[PDB]
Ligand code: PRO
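Read the single chain below, which is given as structure tokens and is the form solved without the ligand.
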């Protein structure tokens, strides 16, 4: 690798994207590189965790299509907490169709994602058309995309030349693409953000192919910026204490990589 810059230094890079830069500054302001994967089926419970975990997090990740009681005002209440506790909103929609379709799924329908989500992700299997169709909606609204360069699940096919291609598609769309979902550092340009799912303190998995690694491994050894943690916190008796442990473990793992 080359010489590691800090998040603050990174937020000021000439080729940096506005969304990433906003994120990075808050990562250094609050000493949090923890993304809370808020996997819940009630609007109310998503708002309760956002309000309480907010000070501990640099991002909130949502699957909005798991909410039973989704209304746009629930996203208006969630922007409030995001504006106030300071975190980005990341809708984990994983766009994966052709340009023309993804474009309408991003702007329209019942979810109106592009009107409240700073960040979305897209798979790269369709070719760059997915990104091109997304950028027509997201740019006008000052948004970024993350491109799924690798996956944490067993038997995942995002490896090899697949991964190299996500990275390419990202460079060539730097004006919209702000980084990656991956398991390690996949790009050498520091203007790109790395976010890693499949993270738990203790070694393990689930019964449907999720593989877990630890914050130290993911941030220290592998190069990630940020960790996405779901059940590792959400399941806990004390979700605040859980969030804090993951905060401190990831933060310190980053400090240690820096010098």
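Positions refer to the first chain, counted from 1. We call the rigid core whatever largest set of C-alpha positions still superposes within 1.5 Å between the two forms.
**Q** Once the rigid core is lined up, would you tell me whether 179 to 187 or 97 to 105 has the higher RMS CA deviation in 5 other deposited structures of this protein?
**A** Farther from the shown form on average in 5 other deposited structures of this protein: 97 to 105.
**Q** Could you check the entry and say whether 58 to 66 or 41 to 49 has the higher mean CA B-factor?
**A** The recorded data point to 41 to 49.
**Q** On average, which has the higher Cα B-factor in the deposited entry, 145 to 153 or 132 to 140?
**A** Higher of the two, by average CA B-factor, is 132 to 140.
**Q** If you check the C-alpha B-factor for each of 27, 203, 219, 228 in the entry, which is highest?
**A** Across 27, 203, 219, 228, the entry lists the biggest C-alpha B-factor for 203.
**Q** Kindly indicate the residue among 177, 72, 122, 88 with the greatest C-alpha B-factor in the PDB record.
**A** In this record, 72 carries the highest C-alpha B-factor of the candidates.
**Q** Residue 13: which third of its chain by C-alpha temperature factor?
**A** Answer is middle: the recorded C-alpha B-factor places it there.
**Q** Taking the chain's C-alpha temperature factors as the reference, tell me which third residue 83 falls into: lowest, middle or highest.
**A** Top third by C-alpha B-factor.
**Q** Please rank the C-alpha B-factors of the chain's modelled residues and tell me whether residue 93 sits in the lowest, middle or highest third.
**A** According to the entry, residue 93 has a C-alpha B-factor in the chain's lowest third.
**Q** Using the B-factor values recorded in the entry, state whether the Cα atom of residue 213 falls in the lowest, middle or highest third among the modelled residues of its chain.
**A** For residue 213, the deposited C-alpha B-factor lands in the middle third.
**Q** Once the chain's modelled residues are ordered by C-alpha B factor and cut into thirds, is residue 239 in the lowest, middle or highest one?
**A** Highest third.
What comes next is about the form solved in complex with the ligand, which does not appear here.
**Q** Is this site open or blocked for the ligand? Place it by superposing the surrounding C-alphas onto its pose in the deposited complex, then apply the 2.4 Å backbone/C-beta contact test with a threshold of 3 atoms.
**A** Blocked.
**Q** Test of understanding: in the deposited complex, would residue 72 fall inside 4.5 Å of the ligand by heavy atoms?
**A** Output for residue 72 is no: heavy atoms all beyond 4.5 Å of the ligand.
**Q** How about residue 187: is it within 4.5 Å of the ligand in the deposited complex, going by heavy atoms?
**A** The answer is no: residue 187 has no heavy atom within 4.5 Å of the ligand.
**Q** Does the 4.5 Å heavy atom contact test between residue 137 and the ligand in the deposited complex come out positive?
**A** Because a heavy atom of residue 137 falls inside 4.5 Å of the ligand in the deposited complex, the answer is yes.
**Q** Is the gap between residue 95 and the ligand in the deposited complex 4.5 Å or less for some heavy atom pair?
**A** Judged by the heavy-atom cut-off of 4.5 Å, residue 95 is well away from the ligand in the deposited complex.
**Q** Quick one: which residues from 173 to 203 get a non-hydrogen atom within 4.5 Å of the ligand in the deposited complex?
**A** Going through 173 to 203 in order - heavy atoms within 4.5 Å of the ligand in the deposited complex - there is one hit, 176.
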